[PDB]
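Reading through the structure tokens given below for one structure.
When we count neighbours, we look across all protein chains shown, and the Cβ atoms used for this are built from the backbone with ideal geometry, even at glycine. Throughout, read-outs are computed from the coordinates displayed, never taken from laboratory work.
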There are 6 protein chains.
Amino acid sequence: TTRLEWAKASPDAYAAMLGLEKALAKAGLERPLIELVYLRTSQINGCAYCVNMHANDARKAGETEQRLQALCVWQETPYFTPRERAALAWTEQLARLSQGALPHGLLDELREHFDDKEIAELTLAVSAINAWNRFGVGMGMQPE
Amino acid sequence: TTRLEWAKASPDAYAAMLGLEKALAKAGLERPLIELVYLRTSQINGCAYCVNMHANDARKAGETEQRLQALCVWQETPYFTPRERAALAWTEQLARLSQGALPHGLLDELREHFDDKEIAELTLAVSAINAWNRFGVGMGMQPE
Amino acid sequence: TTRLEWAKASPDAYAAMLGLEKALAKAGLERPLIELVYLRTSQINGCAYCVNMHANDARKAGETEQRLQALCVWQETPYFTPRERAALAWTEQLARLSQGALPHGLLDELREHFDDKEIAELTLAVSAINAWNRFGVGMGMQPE
Amino acid sequence: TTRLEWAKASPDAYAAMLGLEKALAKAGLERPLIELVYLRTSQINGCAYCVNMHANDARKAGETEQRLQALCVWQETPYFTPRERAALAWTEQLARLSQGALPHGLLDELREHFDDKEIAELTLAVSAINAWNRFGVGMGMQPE
Amino acid sequence: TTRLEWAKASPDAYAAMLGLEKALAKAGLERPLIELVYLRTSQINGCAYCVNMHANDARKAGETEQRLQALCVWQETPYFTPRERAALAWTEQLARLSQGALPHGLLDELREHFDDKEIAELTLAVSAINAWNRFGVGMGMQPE
Amino acid sequence: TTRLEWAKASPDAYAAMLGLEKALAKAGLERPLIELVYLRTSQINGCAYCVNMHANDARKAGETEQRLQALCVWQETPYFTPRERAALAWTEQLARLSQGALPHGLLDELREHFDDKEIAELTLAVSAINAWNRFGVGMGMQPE
């Protein structure tokens, strides 16, 4: 289930990572949207531990099986709102940041759906799950 | 130089991100290695703001022009130690986490050069710069 | 939900595609494995119509939410049998056939888990869903 | 020339695959265009058996060496008609379905050159060769 | 057929490029192998002008339709000698130099088939066609 | 520092490659721009020998550390002129020629900044460094 118990090795790193979650917990950004961002990022990054945790946490936040099964192919479905689709486009592009430039009008399109405080919180969410995925995959973590 | 002043929009997000840096500042992991990790990740992710900042910070940590110019092609040079090369392999693979699975023996190879506490700190470093790059590129940040 | 009613346009094409399903229905290859192959291929190919249909059909074949949510990251989980993992490796490699050569020992590894008749049936399953996905995405099909 | 005699292992699979060809034989879609679709798909998928067979079959359908040698780079040549170029764009995009979304206006552009029955037949052709390529490469088939 | 007459614009550039060909003409490396290297590189780089020219020049050097049609999928055919396959592996890897590191043992494997003078000549051939392709595609050149 | 002394093995190849440099030396195209083209191409192709040489040669041509460290991420910086950015776009696209088609309007955009003789010289520069990189990486060359 893990190859390295990293939170025990560096309690400071674990505390710092929990600080990201504390900030997000205080954010106005709605929790079901954060869970989608987390689940989709974890899918893209191939972090099975995080996929399992956030599919489970998304259900805790009220999500349906229809949405959870469609998330990996969200672009070609009618299940996600204009606001969610904006956030998921952001999520996908930032997950794949090593692969090339972000399109010019992307932030501008996000601004049609989110105020700037929400954008900061959304980007924190994206950054945090990207960070958790790196610990998850790196330390060789497996679900159940 | 920026399209969105995100630290002003969400002070909580900014404080949380600074908490990653506070943890790293307290880590035993040597600062010049952290700067290489930061600079290389920022290059891969195309974050010009972070490239500029960390090339400058690497010089503050004593780095030579030879190493700074060779970092983007580090694999085929003799300038980086076995320990640094292990960390840079980790850095590159985790930067590109969306692109496929991590090789099986990668953590095992890292363990030949780093103790588990160092590995946790190194992974925190990788995670933190990946997070900063996402704010940098997302918010449309440009250097000087 | 569709941009082109292709089965009405070419009844012969539709009948031919149903012939693939008739053959598979008669195959010894177990149905839950076929559903995994179908669902995973549809995810890779981004066919939302087929993802929806086969996640639903997989439940009809007895599948758990744990397996359905973990399928997209199956490699790093303990939920799939040696035989299923062999089939899913085959599935992923053949889904991505345009991207490069198949590894040398792949068929040999499949032979450790499947007899040659099963391999033929498995490859028919892979081929059939790849075909359905092409109609699904091409004709602009969306679920629910 | 083959690692697994799949048609002998599963006669039902072979009969089902021949049913795709029977439908195409009855289609109004012109045979030389089908051969181009088959040859180009087989090139993209790296199926040497199918490349050999369809380059040979294309000659049987009247094709010139000029067209056969230019097909792999068809975009930057004057040898292919507006209708063929539409079909080849479709062919390339659907060959590479695992690599990302199909452009929005692609079906609309195809409709400028083909009626809906032809589009269904063309998509059957694309699907069928994609299926044959998977058997060809999977079963380790080599030409001559 | 061309968007820019580059040889007229810079006669010095044209003379320099012809100097590569003069050196190759004097090389011991056999001409049919050079033509394969040229044709395969031109295919990979999508230079239709060069594909046309070198498929035609390969016929002038004695090549068969069987080999010319199989070249794009050479790996899975029996038509190319151990020596040619070594050269084509070199050709493919160096065509795709922007895509990642060259495998460690590649030069060593080439040395099993070629002496060092031949390797230098082969690499000149690869370099020269890569250069011609860049003029061809850049200047918008089309065959016939 | 090298696995094969290629200039000694084939003096003709070396003389031919020097002929590219002789032509460029005579070109009106300004030397600092050529050095940027060389350095950026060498970075993309992962040729550590050439990166080292041209970062050093760029300093000889007057370049600043600010520009040299920002070159790998030039798109998102203000340090490069409209003319340089046009040349670097050309450089990147032609470095990555094996990866797909060149955008339609690219030569047209280059023509807004360069006359046709300059474009020929620029393309010679791109071609020459692509050639040198292939010798550098192929022959296993390492800096210092």
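In table form, for the structure just shown:
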read-out: Approximate spin-label separation F:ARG3-A:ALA89, in nm, with each point projected 7 Å along Cα-to-Cβ; value: 4.6 nm
read-out: For the stretch A:95-128 and the stretch B:73-104, distance of Cα centres in Å; value: 27 Å
read-out: Gaussian network model of chain E, Cα within-10 Å springs - most flexible of E:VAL73, E:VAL51, E:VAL37; value: E:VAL73
read-out: Dipole of chain E, positive end: most advanced residue of E:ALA86, E:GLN99, E:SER42 [Cβ charges, Cα centre]; value: E:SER42
read-out: Net charge, C:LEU68 excluded, C-beta distance under 9 Å - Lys, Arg +1, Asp, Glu -1; value: -1
read-out: Fewest-first ranking of F:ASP57, A:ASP115, using other Cβ atoms within 10 Å as the exposure measure; value: A:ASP115, F:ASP57
read-out: Shape of the stretch A:44-144, Cα gyration tensor, a/c cut at 1.5; value: oblate
read-out: Whole-Hz ³J(HN,Hα) from phi, Karplus 6.51 cos²θ - 1.76 cosθ + 1.60, for the stretch A:117-126, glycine and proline x; value: 4, 4, 5, 4, 5, 4, 5, 4, 4, 4
read-out: Residues whose placed amide H lies under 5 Å from that of A:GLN142, excluding near-sequence neighbours; value: A:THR2
read-out: Helix-only mean residue ellipticity at 222 nm for chain A, each DSSP H run of n ≥ 4 adding -39500 (n - 2.57), per residue, nearest 500; value: -20500 deg cm²/dmol
read-out: Contact order normalised by residue count of chain D, Cα under 8 Å, 6+ apart, percent; value: 43 percent
read-out: Order of C:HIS54, C:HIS113 under a 10 Å beta carbon neighbour criterion, fewest first; value: C:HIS113, C:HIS54
read-out: Residue and distance (whole Å) for the chain E Cβ nearest the axis that superposes E on F; value: E:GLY19, 2
read-out: Shielding by partners, peptide B:96-108 (average Cβ within 10 angstrom, other chains); value: 5
read-out: Cβ-isolated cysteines (cut-off 4.7 Å), chain A; value: A:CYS72
read-out: Inter-chain Cβ neighbour average for residues C:38-50, partner chain, 10 Å; value: 4
read-out: Value of relative contact order over the stretch B:1-71, rounded to a whole percent, pairs C-alpha under 8 Å and six or more apart; value: 25 percent
read-out: Distance between modelled label sites at E:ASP108 and C:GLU109, nm, 7 Å Cα→Cβ extension; value: 2.3 nm
read-out: Ascending count of other beta-carbon atoms within 10 Å, so fewest first, for A:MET17, B:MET53; value: B:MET53, A:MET17
read-out: Set C:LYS26/D:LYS60; A:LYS60/B:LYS117; B:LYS8/B:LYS60; A:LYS8/B:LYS22; C:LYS22/D:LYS60 screened for pairs whose C-alpha atoms are more than 25 Å apart; value: C:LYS26/D:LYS60; A:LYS60/B:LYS117; B:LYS8/B:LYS60; C:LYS22/D:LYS60
read-out: Partner chain coverage, peptide B:57-64 - average Cβ within 10 angstrom; value: 0
read-out: Vicinal HN-Hα couplings computed from phi for the stretch C:75-81 (Karplus, 6.51 cos²θ - 1.76 cosθ + 1.60; Hz; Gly/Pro x); value: 3, 9, 10, x, 7, 10, 5
read-out: ³J(HN,Hα), Karplus 6.51/-1.76/1.60, whole Hz, each residue of the stretch A:84-94, x for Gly, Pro; value: 5, 5, 4, 5, 6, 4, 4, 4, 5, 5, 6
